[PDB]
Every structure is written in C-alpha cells, then in structure tokens.
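S.K.: This one is entry_2.txt, compact mmCIF, C-alpha atoms and all ligand atoms.
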# COMPACT_ATOMS: atom_id res chain seq x y z
CA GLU Z 4 -17.09 14.31 -25.07
CA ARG Z 5 -19.75 12.42 -23.09
CA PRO Z 6 -19.94 8.69 -23.86
CA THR Z 7 -23.27 6.87 -24.26
CA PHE Z 8 -24.63 5.25 -21.10
CA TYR Z 9 -26.78 2.13 -20.75
CA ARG Z 10 -28.91 0.88 -17.83
CA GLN Z 11 -28.83 -2.49 -16.05
CA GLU Z 12 -30.23 -3.80 -12.75
CA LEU Z 13 -27.70 -5.85 -10.77
CA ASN Z 14 -27.48 -5.65 -6.95
CA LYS Z 15 -31.17 -4.69 -6.58
CA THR Z 16 -29.96 -1.38 -8.05
CA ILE Z 17 -30.00 0.27 -11.48
CA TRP Z 18 -26.46 0.64 -12.83
CA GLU Z 19 -26.00 3.25 -15.57
CA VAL Z 20 -22.52 2.98 -17.13
CA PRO Z 21 -20.67 3.95 -20.36
CA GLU Z 22 -20.93 1.42 -23.22
CA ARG Z 23 -17.21 0.62 -22.95
CA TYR Z 24 -18.00 -1.41 -19.81
CA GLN Z 25 -19.47 -4.80 -20.68
CA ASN Z 26 -20.39 -8.09 -18.93
CA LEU Z 27 -21.02 -6.54 -15.52
CA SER Z 28 -21.11 -9.12 -12.71
CA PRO Z 29 -21.30 -8.65 -8.88
CA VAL Z 30 -18.15 -9.59 -6.90
CA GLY Z 31 -19.03 -8.41 -3.38
CA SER Z 32 -18.76 -5.52 -0.94
CA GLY Z 33 -16.20 -2.73 -1.15
CA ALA Z 34 -15.67 0.33 1.03
CA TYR Z 35 -18.94 2.31 1.07
CA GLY Z 36 -20.45 0.53 -1.96
CA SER Z 37 -20.93 -2.64 -4.01
CA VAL Z 38 -18.37 -3.83 -6.57
CA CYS Z 39 -18.98 -5.33 -10.03
CA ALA Z 40 -16.49 -7.05 -12.29
CA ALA Z 41 -16.61 -5.90 -15.91
CA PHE Z 42 -14.69 -5.88 -19.18
CA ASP Z 43 -13.41 -2.47 -20.25
CA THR Z 44 -13.51 -2.67 -24.05
CA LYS Z 45 -11.43 0.52 -24.39
CA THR Z 46 -8.38 -0.78 -22.48
CA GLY Z 47 -8.92 -4.54 -22.63
CA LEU Z 48 -8.67 -4.66 -18.84
CA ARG Z 49 -10.83 -6.63 -16.46
CA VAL Z 50 -12.07 -3.96 -14.08
CA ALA Z 51 -13.84 -3.54 -10.76
CA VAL Z 52 -16.66 -0.97 -10.85
CA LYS Z 53 -17.90 0.39 -7.51
CA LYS Z 54 -21.18 2.28 -7.33
CA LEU Z 55 -21.27 4.30 -4.11
CA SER Z 56 -24.48 3.88 -2.09
CA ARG Z 57 -26.20 7.19 -1.24
CA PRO Z 58 -22.95 9.20 -1.57
CA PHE Z 59 -24.56 12.52 -0.51
CA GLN Z 60 -27.21 11.54 2.06
CA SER Z 61 -25.43 13.35 4.93
CA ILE Z 62 -22.45 15.65 5.57
CA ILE Z 63 -20.47 12.63 6.85
CA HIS Z 64 -21.37 10.65 3.71
CA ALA Z 65 -20.72 13.58 1.34
CA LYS Z 66 -17.30 14.27 2.89
CA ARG Z 67 -16.43 10.55 2.84
CA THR Z 68 -17.34 10.39 -0.87
CA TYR Z 69 -15.11 13.40 -1.56
CA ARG Z 70 -12.33 11.86 0.58
CA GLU Z 71 -12.35 8.54 -1.27
CA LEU Z 72 -12.32 10.24 -4.68
CA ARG Z 73 -9.43 12.55 -3.68
CA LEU Z 74 -7.42 9.60 -2.32
CA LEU Z 75 -7.97 7.40 -5.38
CA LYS Z 76 -7.28 10.24 -7.83
CA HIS Z 77 -3.93 10.89 -6.12
CA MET Z 78 -2.51 7.36 -6.03
CA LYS Z 79 -0.22 6.57 -8.95
CA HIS Z 80 1.93 3.63 -7.85
CA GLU Z 81 2.34 -0.02 -8.94
CA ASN Z 82 1.62 -1.40 -5.45
CA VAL Z 83 -1.32 0.87 -4.65
CA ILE Z 84 -4.87 0.72 -6.02
CA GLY Z 85 -5.36 3.45 -8.64
CA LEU Z 86 -8.31 5.04 -10.38
CA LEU Z 87 -8.78 3.90 -13.98
CA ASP Z 88 -12.01 5.87 -14.38
CA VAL Z 89 -14.67 7.79 -12.46
CA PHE Z 90 -18.04 8.68 -13.98
CA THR Z 91 -21.57 9.92 -13.40
CA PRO Z 92 -24.56 9.69 -15.79
CA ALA Z 93 -25.41 13.25 -14.67
CA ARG Z 94 -25.06 15.96 -17.33
CA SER Z 95 -24.84 18.78 -14.76
CA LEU Z 96 -24.24 19.48 -11.04
CA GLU Z 97 -28.02 19.91 -10.64
CA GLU Z 98 -28.77 16.30 -11.68
CA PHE Z 99 -25.61 14.87 -10.05
CA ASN Z 100 -26.55 12.00 -7.71
CA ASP Z 101 -24.38 8.93 -8.40
CA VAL Z 102 -20.65 8.24 -8.39
CA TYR Z 103 -19.03 5.22 -10.03
CA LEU Z 104 -15.39 4.30 -9.39
CA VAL Z 105 -13.34 2.03 -11.68
CA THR Z 106 -10.12 0.14 -10.88
CA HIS Z 107 -8.26 -3.03 -11.91
CA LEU Z 108 -10.00 -6.29 -11.08
CA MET Z 109 -7.63 -8.22 -8.81
CA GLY Z 110 -7.44 -12.02 -8.77
CA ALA Z 111 -7.32 -12.82 -5.07
CA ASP Z 112 -6.61 -11.19 -1.72
CA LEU Z 113 -3.84 -12.27 0.67
CA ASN Z 114 -6.28 -14.39 2.72
CA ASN Z 115 -6.80 -16.67 -0.30
CA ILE Z 116 -3.02 -17.13 -0.56
CA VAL Z 117 -2.17 -17.76 3.13
CA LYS Z 118 -4.96 -20.39 3.45
CA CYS Z 119 -3.89 -21.77 6.88
CA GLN Z 120 -0.44 -22.61 5.42
CA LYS Z 121 3.18 -21.43 5.65
CA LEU Z 122 4.54 -19.54 2.65
CA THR Z 123 8.16 -19.99 1.48
CA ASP Z 124 10.64 -17.33 2.63
CA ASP Z 125 11.20 -16.10 -0.95
CA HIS Z 126 7.46 -15.56 -1.40
CA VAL Z 127 7.25 -13.69 1.93
CA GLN Z 128 10.23 -11.53 0.89
CA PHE Z 129 8.51 -10.50 -2.36
CA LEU Z 130 5.04 -9.89 -0.90
CA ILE Z 131 6.24 -7.89 2.12
CA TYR Z 132 8.68 -5.93 -0.09
CA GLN Z 133 5.78 -4.78 -2.29
CA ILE Z 134 3.61 -3.82 0.72
CA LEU Z 135 6.49 -1.71 2.08
CA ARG Z 136 7.13 -0.23 -1.38
CA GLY Z 137 3.47 0.83 -1.59
CA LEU Z 138 3.52 2.05 2.01
CA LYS Z 139 6.62 4.21 1.44
CA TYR Z 140 4.69 5.89 -1.38
CA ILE Z 141 1.44 6.28 0.63
CA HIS Z 142 3.28 7.59 3.72
CA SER Z 143 5.32 10.09 1.65
CA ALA Z 144 2.00 11.82 0.86
CA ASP Z 145 1.24 11.91 4.62
CA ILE Z 146 -1.55 9.39 4.11
CA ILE Z 147 -2.10 6.63 6.67
CA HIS Z 148 -3.84 3.40 5.67
CA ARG Z 149 -5.13 2.79 9.22
CA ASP Z 150 -6.66 -0.62 8.41
CA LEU Z 151 -4.03 -2.78 6.69
CA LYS Z 152 -4.98 -6.46 6.70
CA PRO Z 153 -4.70 -9.47 4.34
CA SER Z 154 -8.21 -8.79 2.93
CA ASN Z 155 -7.03 -5.31 1.83
CA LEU Z 156 -4.06 -6.74 -0.06
CA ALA Z 157 -4.76 -8.03 -3.54
CA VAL Z 158 -2.36 -10.17 -5.53
CA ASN Z 159 -2.32 -11.42 -9.13
CA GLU Z 160 -1.02 -14.71 -10.60
CA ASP Z 161 2.57 -13.40 -10.74
CA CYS Z 162 2.35 -12.44 -7.02
CA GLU Z 163 2.26 -8.72 -7.90
CA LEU Z 164 0.56 -6.92 -5.02
CA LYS Z 165 -1.64 -3.83 -4.63
CA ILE Z 166 -2.85 -2.11 -1.45
CA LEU Z 167 -6.61 -1.37 -1.27
CA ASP Z 168 -8.78 0.88 1.02
CA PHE Z 169 -6.17 3.33 2.44
CA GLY Z 170 -6.96 6.53 4.36
CA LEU Z 171 -10.64 5.85 5.07
CA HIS Z 174 -15.23 0.24 10.99
CA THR Z 175 -17.86 0.59 13.72
CA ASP Z 176 -17.44 -0.51 17.36
CA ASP Z 177 -19.58 -3.63 16.77
CA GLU Z 178 -17.41 -5.02 13.96
CA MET Z 179 -14.25 -4.38 16.02
CA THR Z 180 -15.73 -6.53 18.81
CA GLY Z 181 -14.72 -10.09 19.63
CA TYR Z 182 -12.78 -12.76 17.77
CA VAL Z 183 -12.46 -10.78 14.53
CA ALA Z 184 -9.81 -10.18 11.84
CA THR Z 185 -10.96 -6.55 11.70
CA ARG Z 186 -8.95 -5.95 14.89
CA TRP Z 187 -6.12 -8.56 14.81
CA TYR Z 188 -3.79 -6.36 12.73
CA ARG Z 189 -4.36 -3.07 14.58
CA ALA Z 190 -1.57 -1.35 16.52
CA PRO Z 191 -2.31 -1.36 20.28
CA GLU Z 192 -2.19 2.46 20.51
CA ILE Z 193 -5.08 2.71 18.01
CA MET Z 194 -6.98 -0.36 19.31
CA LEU Z 195 -7.22 1.20 22.78
CA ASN Z 196 -6.99 4.89 21.78
CA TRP Z 197 -3.81 5.52 23.81
CA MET Z 198 -2.69 8.57 21.84
CA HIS Z 199 -2.90 10.56 18.61
CA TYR Z 200 -1.62 7.95 16.15
CA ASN Z 201 0.53 8.42 13.04
CA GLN Z 202 1.93 6.45 10.03
CA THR Z 203 3.70 3.98 12.33
CA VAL Z 204 0.40 2.14 12.97
CA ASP Z 205 0.68 0.72 9.44
CA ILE Z 206 4.12 -0.80 10.15
CA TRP Z 207 2.59 -2.67 13.11
CA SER Z 208 0.02 -4.15 10.70
CA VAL Z 209 2.78 -5.21 8.28
CA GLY Z 210 4.54 -7.02 11.14
CA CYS Z 211 1.34 -8.93 11.96
CA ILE Z 212 0.86 -9.77 8.29
CA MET Z 213 4.49 -10.84 7.76
CA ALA Z 214 4.38 -13.09 10.84
CA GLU Z 215 1.16 -14.74 9.57
CA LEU Z 216 2.73 -15.35 6.11
CA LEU Z 217 5.72 -16.99 7.83
CA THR Z 218 3.75 -19.24 10.23
CA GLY Z 219 0.36 -19.61 8.53
CA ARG Z 220 -1.28 -18.44 11.78
CA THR Z 221 -2.70 -15.16 13.10
CA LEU Z 222 -0.09 -13.48 15.28
CA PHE Z 223 -2.50 -11.89 17.78
CA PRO Z 224 -5.87 -13.67 17.39
CA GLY Z 225 -7.45 -11.92 20.39
CA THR Z 226 -10.98 -12.90 21.47
CA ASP Z 227 -11.56 -9.24 22.44
CA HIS Z 228 -9.59 -5.98 22.95
CA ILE Z 229 -8.22 -7.03 26.37
CA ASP Z 230 -7.35 -10.59 25.34
CA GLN Z 231 -5.56 -9.21 22.28
CA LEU Z 232 -3.59 -6.69 24.37
CA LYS Z 233 -2.43 -9.55 26.63
CA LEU Z 234 -1.28 -11.53 23.57
CA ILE Z 235 0.57 -8.45 22.32
CA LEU Z 236 2.28 -7.65 25.64
CA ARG Z 237 3.30 -11.29 26.12
CA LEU Z 238 5.36 -11.08 22.92
CA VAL Z 239 6.75 -7.52 22.99
CA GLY Z 240 6.80 -6.89 26.76
CA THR Z 241 4.78 -4.55 28.96
CA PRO Z 242 5.47 -0.84 28.37
CA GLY Z 243 8.29 1.02 30.11
CA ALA Z 244 8.07 4.39 31.87
CA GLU Z 245 9.05 6.11 28.63
CA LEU Z 246 6.08 4.83 26.62
CA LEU Z 247 3.69 5.19 29.59
CA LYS Z 248 4.33 8.97 29.60
CA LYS Z 249 3.22 9.12 25.95
CA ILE Z 250 -0.16 7.51 26.68
CA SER Z 251 -2.11 10.78 26.86
CA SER Z 252 -5.25 8.92 27.94
CA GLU Z 253 -5.07 8.94 31.75
CA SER Z 254 -7.56 6.05 31.90
CA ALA Z 255 -5.64 3.73 29.53
CA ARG Z 256 -2.31 4.63 31.18
CA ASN Z 257 -3.76 3.69 34.59
CA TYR Z 258 -5.00 0.29 33.35
CA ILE Z 259 -1.61 -0.56 31.78
CA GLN Z 260 0.18 -0.16 35.14
CA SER Z 261 -2.21 -2.69 36.73
CA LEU Z 262 -0.73 -5.45 34.57
CA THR Z 263 2.09 -7.64 35.88
CA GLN Z 264 5.28 -6.66 34.07
CA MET Z 265 6.61 -9.02 31.40
CA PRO Z 266 9.86 -8.95 29.43
CA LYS Z 267 9.96 -9.03 25.62
CA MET Z 268 10.12 -12.62 24.32
CA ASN Z 269 12.90 -14.09 22.19
CA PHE Z 270 11.57 -13.83 18.60
CA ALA Z 271 13.92 -16.61 17.40
CA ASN Z 272 12.07 -18.92 19.80
CA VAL Z 273 8.66 -17.65 18.65
CA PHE Z 274 9.35 -17.96 14.92
CA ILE Z 275 11.23 -21.27 14.90
CA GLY Z 276 13.01 -22.01 11.61
CA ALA Z 277 12.44 -18.56 10.12
CA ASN Z 278 15.15 -16.63 8.26
CA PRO Z 279 17.18 -14.78 10.96
CA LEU Z 280 16.81 -11.65 8.78
CA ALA Z 281 13.01 -12.07 8.87
CA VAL Z 282 13.15 -12.40 12.65
CA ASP Z 283 15.30 -9.25 12.84
CA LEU Z 284 12.84 -7.26 10.73
CA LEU Z 285 9.84 -8.47 12.75
CA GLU Z 286 11.60 -7.29 15.94
CA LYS Z 287 11.99 -3.81 14.38
CA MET Z 288 8.37 -3.60 13.16
CA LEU Z 289 6.69 -5.03 16.27
CA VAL Z 290 7.89 -2.45 18.78
CA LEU Z 291 5.30 -1.29 21.31
CA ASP Z 292 6.49 2.34 21.30
CA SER Z 293 5.42 3.61 17.86
CA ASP Z 294 8.11 6.34 17.85
CA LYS Z 295 10.72 3.57 17.71
CA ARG Z 296 9.21 1.33 15.00
CA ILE Z 297 11.07 0.99 11.71
CA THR Z 298 9.62 3.18 8.93
CA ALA Z 299 8.66 1.90 5.45
CA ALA Z 300 11.64 3.69 3.84
CA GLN Z 301 14.01 2.17 6.42
CA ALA Z 302 12.52 -1.34 6.13
CA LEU Z 303 13.07 -1.33 2.34
CA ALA Z 304 16.83 -0.99 2.97
CA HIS Z 305 16.83 -3.91 5.44
CA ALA Z 306 18.98 -6.90 4.40
CA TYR Z 307 15.90 -9.18 4.24
CA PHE Z 308 14.98 -7.44 0.95
CA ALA Z 309 18.50 -7.48 -0.57
CA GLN Z 310 17.37 -9.15 -3.82
CA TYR Z 311 14.43 -6.78 -4.45
CA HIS Z 312 15.58 -3.43 -3.00
CA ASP Z 313 16.35 -0.74 -5.56
CA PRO Z 314 16.51 2.86 -4.22
CA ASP Z 315 16.01 4.19 -7.76
CA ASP Z 316 12.80 2.18 -8.19
CA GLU Z 317 10.95 2.96 -4.95
CA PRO Z 318 9.12 6.22 -5.77
CA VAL Z 319 7.53 8.78 -3.47
CA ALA Z 320 4.21 10.58 -4.05
CA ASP Z 321 3.39 14.08 -5.23
CA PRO Z 322 2.21 16.34 -2.36
CA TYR Z 323 -1.36 15.58 -1.20
CA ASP Z 324 -3.41 18.53 0.05
CA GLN Z 325 -5.74 17.25 2.77
CA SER Z 326 -6.64 20.64 4.26
CA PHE Z 327 -10.26 19.72 3.39
CA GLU Z 328 -10.20 17.32 6.37
CA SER Z 329 -10.35 20.20 8.85
CA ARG Z 330 -12.94 22.06 6.77
CA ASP Z 331 -16.61 22.37 7.69
CA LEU Z 332 -18.93 22.46 4.67
CA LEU Z 333 -22.58 21.82 3.83
CA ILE Z 334 -23.73 18.73 1.90
CA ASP Z 335 -24.14 20.58 -1.42
CA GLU Z 336 -20.67 22.12 -0.99
CA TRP Z 337 -19.00 18.70 -0.57
CA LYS Z 338 -21.16 17.53 -3.49
CA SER Z 339 -19.95 20.36 -5.75
CA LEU Z 340 -16.32 19.66 -4.79
CA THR Z 341 -16.88 15.98 -5.65
CA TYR Z 342 -18.49 16.95 -8.96
CA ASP Z 343 -15.46 19.09 -9.93
CA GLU Z 344 -13.20 16.11 -9.17
CA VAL Z 345 -15.29 13.78 -11.37
CA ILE Z 346 -15.29 16.25 -14.30
CA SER Z 347 -11.56 17.03 -14.07
CA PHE Z 348 -10.47 13.37 -14.08
CA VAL Z 349 -7.75 12.43 -16.57
CA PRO Z 350 -7.33 8.69 -17.32
CA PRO Z 351 -3.87 7.12 -16.83
CA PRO Z 352 -1.79 6.28 -19.96
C1 LIG K 1 -11.07 -10.62 -5.95
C2 LIG K 1 -10.66 -9.31 -5.29
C3 LIG K 1 -9.54 -9.50 -4.28
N1 LIG K 1 -10.23 -8.35 -6.31
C4 LIG K 1 -10.57 -7.04 -6.20
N2 LIG K 1 -10.25 -6.15 -7.19
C5 LIG K 1 -10.59 -4.86 -7.08
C6 LIG K 1 -11.28 -4.40 -5.95
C7 LIG K 1 -11.64 -3.06 -5.82
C8 LIG K 1 -12.34 -2.62 -4.68
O1 LIG K 1 -12.72 -1.31 -4.51
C9 LIG K 1 -12.59 -0.34 -5.48
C10 LIG K 1 -11.69 0.70 -5.26
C11 LIG K 1 -11.52 1.70 -6.21
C12 LIG K 1 -12.27 1.68 -7.38
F1 LIG K 1 -12.09 2.65 -8.29
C13 LIG K 1 -13.18 0.65 -7.61
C14 LIG K 1 -13.35 -0.36 -6.66
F2 LIG K 1 -14.23 -1.35 -6.90
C15 LIG K 1 -12.66 -3.53 -3.68
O2 LIG K 1 -13.27 -3.13 -2.67
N3 LIG K 1 -12.29 -4.90 -3.80
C16 LIG K 1 -12.63 -5.86 -2.74
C17 LIG K 1 -11.60 -5.32 -4.96
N4 LIG K 1 -11.24 -6.62 -5.10
What does the file become when written as structure tokens?
Ligand SMILES: CC(C)Nc1ncc2cc(Oc3ccc(F)cc3F)c(=O)n(C)c2n1

M.R.:
Amino acid sequence: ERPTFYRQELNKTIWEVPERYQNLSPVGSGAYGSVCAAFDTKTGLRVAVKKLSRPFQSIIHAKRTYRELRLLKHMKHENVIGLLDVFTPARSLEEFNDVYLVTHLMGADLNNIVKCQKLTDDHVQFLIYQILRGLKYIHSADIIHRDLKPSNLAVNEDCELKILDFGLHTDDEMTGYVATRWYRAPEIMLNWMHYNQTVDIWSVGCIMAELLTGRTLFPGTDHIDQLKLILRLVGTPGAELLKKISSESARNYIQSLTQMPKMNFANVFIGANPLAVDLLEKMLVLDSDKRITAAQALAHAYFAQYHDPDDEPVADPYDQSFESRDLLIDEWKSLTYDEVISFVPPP
C-alpha cells in the first residue's frame, strides 16, 4: 500500500517523500538531479535520495529519465550502484510529475582517497579488482559505462567500492584542462569510430596508473594535447588501426603526426609491481579490439589473492531495444510510470 508522504523545501525545491526517510540533507549534484543524504528508518541505512529535475520536459529528458530508471532497476551487484527505492507522490499516471531515486549513501569517492598521493600496491590491487568485478557484470549485460573516472567510484571505510553513473557531458565541459576528459579512450575523445565496451578498460588503465603514481596519467590541456600525451606513451597508430578509423578526417590528421614507438612502461612506472606494469600494458592499448577485457583482467596474476571465478557474477539479460525506439513524451512518461509502480525492493 501507499506510504504517507511529507513535504520539505531543501534545494530551493519542495521535496515530498515517504515518512521512512528522515533527516534529509543536501550533498551535491548527481546525474540529472540533486542528491540528498537521509536516514531510511525502514532499513537503518544511510541513503542518497535524488530528485530528478524536470524529468519529462522534453523527449530527450523523458527518454533519459526512463533510461536511468531502467539501468538502476537492472543492476544487482556488490560493486555497482543499485536501486534501494524509487517513488513518486503521484497517485495516478495523470498526476505523475516527479521521480525520486534512492541508493546507498557512500562515504567518499576515489578522488578523496588518491589525494595527490601514491597508494600501496595492495590497496591498488583491491580497488582495481572491484572495479573490474563490477565492470565484468555491467559489460555482461551489454551496458557500457562510457564515463568511468575517480569521481564516479565511491568507496566506504573498508575500501569496498561501487561504480556510479553507468550507461548515461556537453562539449563545453569536455573542453580544456579537465578531469571530465582525462580518462576517456582516444577513439571516443576524437570520435574515431563506433565505440564499444573496451572504452571502459582504457578508463580503468588511467585510473590504475593514477592510483599507483598519485598523478593523472594523461592530464591534457585540450583534446590535441591529450592525444599527444597518449601517443607518446602507447605509440602512434599502425596501418591496422588506421584502417579502423572510419572518420576520414580523423584518420587524415593522425597520419600528419611524426611516428613514435610505444614507451617502456617499466621506465614510466618506476618501482611498480611488474604484474601491475604488465596489466597496464594490456589495458592501455591504442587499438580497442586488442585491449584486455574485464573478464580476462580478473584472471590476471596481479589479482591472484582476490580472484575467485565462482564469485564474479554476470548480469541477467538487459533489453535495451527502447534505445532505438521513437516515442512521444507522454509515452516515455507512461513507460517510466510502469517502472516506478512495478519496483520491488531488494532483500
Ligand atoms: C559522498 C559521495 C561519494 N557518496 C555518494 N553516495 C551516493 C551517491 C548517489 C548518486 O546518485 C544516485 C544514483 C542512484 C540513486 F538511486 C540515487 C542517487 F542519489 C550520486 O550522484 N552521488 C554523487 C552519490 N555519492
């Protein structure tokens, strides 16, 4: 049955939430809405509550609202953000206007942990293992994160990690000396080709390197500067990769660059575990077809003490046929409404 709702103004906005949620307090921006910390009296969990801002103001917005709800409803994995609750104060589709999403409140993101400093190899092992464990799961559902970065990786006191914001940035915020671009695979940064799951492994490589050194791997001042930093490390592309750059314009620019060989990673990451160096070399391959997969990386010797093939689950099938579907605002809205109503809380 329908719980009782109460009203409260927080982020210049009226929040109407079930009584179970108490002590609501703003904690910053999330994807497509503002996030509040709260205490869920029913579960005893500290939770993050996101109220979506104008979820159905356009077809793009309506579809994006539906997309986020579908994604969050599907994810049931220890190392991936999951949906604890979703609600609306609306009593019918007719009065349906607002969507609230509830998940675990996380302690800190990976940026707060790196803090300009080197992490110990054992800490890097555990953190990267969990990212890859979550990624294996996400990828098995044919979902791509597309924007993996330290700020999207949340970690508790026991170093247990969850991946946030998968499967969902304007040109302006990708411009210049910005972390929004530092972790992006070159093929996606410069739109070389139709990208796939392998873009996420690139991001993991960049993250792992940063955990090991305490420094951004490719802190480019712009797209071109970043590409130069990338190619200096991994080498300029060969004829084989060049053929796969379907963009004639991008392909033509690449060939204008003086050729460079791949650097020696042992000389770049001085003092690092040779097994860490080996893994980095397999993740940071320019040709995406040849990058190590999440499933393969889990079996790499670097994770010997954590790897357990019987405790690295895959996802149920995820139907994303809706992505190629053209619908009106109210149609996306009705689909979203059905998803809200049908929600079953996790045990
Ligand atoms: C201190 C910080 C690192 N902990 C933390 N914890 C949770 C979230 C959730 C976010 O997003 C949500 C996703 C799904 C939901 F159901 C609800 C949400 F609020 C979000 O964007 N951030 C930044 C978060 N941060």

S.K.: Name the closest residue to residue 63 in chain Z among the candidates Z:282, Z:48, Z:333, Z:349; distances are taken between atoms, counting all atoms listed in the file.

M.R.: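 Among the listed residues, the smallest separation from residue 63 in chain Z belongs to Z:333.
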
S.K.: Name the closest residue to residue 287 in chain Z among the candidates Z:161, Z:66, Z:203, Z:198; distances are taken between atoms, counting all atoms listed in the file.

M.R.: Z:203

S.K.: When you draw a straight line from CA of residue 199 in chain Z to CA of residue 223 in chain Z, how long is it in Å?

M.R.: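 Between these atoms lies a distance of 22.5 Å.
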
S.K.: Enter the distance from CA of residue 24 in chain Z to CA of residue 41 in chain Z, in Å, rounded to one decimal.

M.R.: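 These atoms are spaced 6.1 Å apart.
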
S.K.: Counting all atoms listed in the file, what residues are within 7 Å of ligand LIG 1 (chain K), given as a PyMOL selection string?

M.R.: chain Z and resi 31-34+38-39+51-53+75+84-88+104-112+157+167-168

S.K.: For residue 37 in chain Z, which residue among Z:166, Z:247, Z:20, Z:13 is the nearest when counting only C-alpha atoms?

M.R.: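 When distances to residue 37 in chain Z are compared using only C-alpha atoms, the smallest one comes from Z:13.
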
S.K.: Could you add whatever atoms are missing so that range 68-79 of chain Z carries N, CA, C and O atoms, then write the result as an mmCIF file, keeping the file's coordinate frame?

M.R.:
data_model
loop_
_atom_site.group_PDB
_atom_site.id
_atom_site.type_symbol
_atom_site.label_atom_id
_atom_site.label_comp_id
_atom_site.auth_asym_id
_atom_site.auth_seq_id
_atom_site.Cartn_x
_atom_site.Cartn_y
_atom_site.Cartn_z
ATOM 1 N N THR Z 68 -17.338 10.589 0.581
ATOM 2 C CA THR Z 68 -17.340 10.390 -0.870
ATOM 3 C C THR Z 68 -16.227 11.221 -1.496
ATOM 4 O O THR Z 68 -15.426 10.705 -2.284
ATOM 5 N N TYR Z 69 -16.169 12.496 -1.118
ATOM 6 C CA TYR Z 69 -15.110 13.400 -1.560
ATOM 7 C C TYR Z 69 -13.720 12.870 -1.172
ATOM 8 O O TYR Z 69 -12.798 12.872 -1.989
ATOM 9 N N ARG Z 70 -13.593 12.407 0.070
ATOM 10 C CA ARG Z 70 -12.330 11.860 0.580
ATOM 11 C C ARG Z 70 -11.836 10.683 -0.253
ATOM 12 O O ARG Z 70 -10.674 10.650 -0.663
ATOM 13 N N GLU Z 71 -12.716 9.717 -0.496
ATOM 14 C CA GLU Z 71 -12.350 8.540 -1.270
ATOM 15 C C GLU Z 71 -11.928 8.901 -2.697
ATOM 16 O O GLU Z 71 -10.955 8.365 -3.218
ATOM 17 N N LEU Z 72 -12.668 9.805 -3.327
ATOM 18 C CA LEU Z 72 -12.320 10.240 -4.680
ATOM 19 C C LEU Z 72 -10.964 10.952 -4.713
ATOM 20 O O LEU Z 72 -10.141 10.663 -5.577
ATOM 21 N N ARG Z 73 -10.727 11.861 -3.768
ATOM 22 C CA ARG Z 73 -9.430 12.550 -3.680
ATOM 23 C C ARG Z 73 -8.273 11.568 -3.497
ATOM 24 O O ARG Z 73 -7.239 11.677 -4.171
ATOM 25 N N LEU Z 74 -8.446 10.614 -2.585
ATOM 26 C CA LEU Z 74 -7.420 9.600 -2.320
ATOM 27 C C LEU Z 74 -7.095 8.777 -3.568
ATOM 28 O O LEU Z 74 -5.929 8.646 -3.951
ATOM 29 N N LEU Z 75 -8.133 8.241 -4.201
ATOM 30 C CA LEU Z 75 -7.970 7.400 -5.380
ATOM 31 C C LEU Z 75 -7.410 8.146 -6.586
ATOM 32 O O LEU Z 75 -6.603 7.601 -7.337
ATOM 33 N N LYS Z 76 -7.838 9.395 -6.765
ATOM 34 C CA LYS Z 76 -7.280 10.240 -7.830
ATOM 35 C C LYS Z 76 -5.793 10.519 -7.646
ATOM 36 O O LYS Z 76 -5.069 10.675 -8.625
ATOM 37 N N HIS Z 77 -5.334 10.570 -6.397
ATOM 38 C CA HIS Z 77 -3.930 10.890 -6.120
ATOM 39 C C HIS Z 77 -2.954 9.727 -6.329
ATOM 40 O O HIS Z 77 -1.800 9.938 -6.702
ATOM 41 N N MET Z 78 -3.411 8.509 -6.073
ATOM 42 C CA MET Z 78 -2.510 7.360 -6.030
ATOM 43 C C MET Z 78 -2.087 6.862 -7.400
ATOM 44 O O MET Z 78 -2.904 6.365 -8.173
ATOM 45 N N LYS Z 79 -0.800 7.019 -7.692
ATOM 46 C CA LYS Z 79 -0.220 6.570 -8.950
ATOM 47 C C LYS Z 79 1.043 5.762 -8.676
ATOM 48 O O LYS Z 79 2.167 6.251 -8.846
#
